[PDB]
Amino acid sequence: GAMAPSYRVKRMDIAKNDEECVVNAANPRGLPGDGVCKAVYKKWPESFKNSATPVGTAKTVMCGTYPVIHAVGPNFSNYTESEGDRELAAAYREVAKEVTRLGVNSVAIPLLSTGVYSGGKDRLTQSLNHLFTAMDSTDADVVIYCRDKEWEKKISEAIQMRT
């Protein structure tokens, strides 16, 4: 575990993380996909061997000795708000289990279901709060990765609000 487990946010490509493992915002079929998933495919393509896994689950595949945790959030274009919310919460619970099993001291995580799976809605708070619910009981340093300046500011304020 980390000496003083913390949350941090960085605005940069998760493919250039400085943590002991990465969470992919995966699709259920293990395809190269778009956005975070395509950056992860370019950096760790070996990790996509038998990476397909259902919505609301996480499946870890090694790239060398570096673990890629493929976490499948719901596409809110297909799910109802209610069922989507349940699957998004479930995906993060499975990420916490994998991070624990791996024994890593740090993990790089994107906000699941906030990009092309958002159903055209701002889901920063919804996704971040499900991340906190899952990861609060783990002792890994969590570093949250985002793209846009507005998002960095709001994620930083939410982290600072609980301290």
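Heads up: residue numbers just count along the shown sequence, starting at 1.
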Highest mean C-alpha temperature factor of the two stretches 135 to 143 and 151 to 159, which is it? 151 to 159
Using only C-alpha atoms and the B-factors in the entry, which stretch averages higher, 115 to 123 or 100 to 108? 115 to 123
Third assignment of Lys16 from its chain's C-alpha B-factors: highest
Thinking about Cα B factors across the chain, which third does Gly35 belong to? highest
C-alpha B factor of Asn27, ranked within the chain: lowest, middle or highest third? lowest
Taking the C-alpha B-factors as the PDB entry records them, is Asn50 in the lowest, middle or highest third of its chain? highest
For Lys42, the third of its chain by CA B-factor is the highest
